[PDB]
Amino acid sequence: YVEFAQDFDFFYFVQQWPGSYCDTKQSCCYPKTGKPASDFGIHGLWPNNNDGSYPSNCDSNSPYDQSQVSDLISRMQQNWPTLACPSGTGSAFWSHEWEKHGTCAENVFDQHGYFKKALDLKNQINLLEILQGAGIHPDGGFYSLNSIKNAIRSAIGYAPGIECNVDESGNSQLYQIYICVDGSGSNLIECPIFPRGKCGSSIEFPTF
């Protein structure tokens, strides 16, 4: 039989701050069920390569099948909300993450395993609590990039990747936080490489 090699090296576990996704010039919409909790939400678990490149949309014959994760839906509704317009259930977002990223790690996790791992990592890495534990709150104030990185490093033991975007007022703000997981999906690891964060020395942590 033909043996196929893994198409990726490690994973980026990415979380987004709703306050930064919703205060730009573009529109954002709360899920049909209402305003999500003021906590970071899961964006996705992304297979990536050591050289910075990453595989995407790896298996057209492995379409998202929500029935395979029915027992995880309530947790996904709370921890993986969609903020796109018009107001959605979250399914289009979850389907997109599985088809674009999950399929590229099919040899490691099937659909249930993929979403479960993301949920477990989310509970393992509570960014809001870690940051507020260090006096960094989503109150519209400004914080140094290094204070954010180090507060997280001291808490989980690994250096995070920080991505920023811009609000309407033109201020640079904390948008997404990346944590690396080994290729086997078993444990956290230091990131072999970090994407361009586009952050200033000091950034805003907007209220939501």
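The first residue of the sequence shown is number 1, and the count goes up from there.
- Legend: mean Cα B-factor per stretch from the PDB entry, 69-77 versus 119-127; the higher mean is in 69-77.
- Looking at 162-170 and 176-184 together, the entry lists the larger mean B-factor for 162-170, computed on C-alpha atoms.
- Based on the entry's C-alpha B-factors, the most elevated value among 47, 41, 31, 140 belongs to 140.
- In the deposited entry, the Cα temperature factor of residue 95 places it in the lowest third of its chain's modelled residues.
- Residue-level temperature factors show residue 60 in the middle third of its chain, judged at the C-alpha atom.
- In the PDB entry, residue 133 places in the highest third of its chain by CA B-factor.
- Residue-level temperature factors show residue 148 in the lowest third of its chain, judged at the C-alpha atom.
- The PDB entry assigns residue 191 a C-alpha temperature factor belonging to the middle third of its chain's modelled residues.
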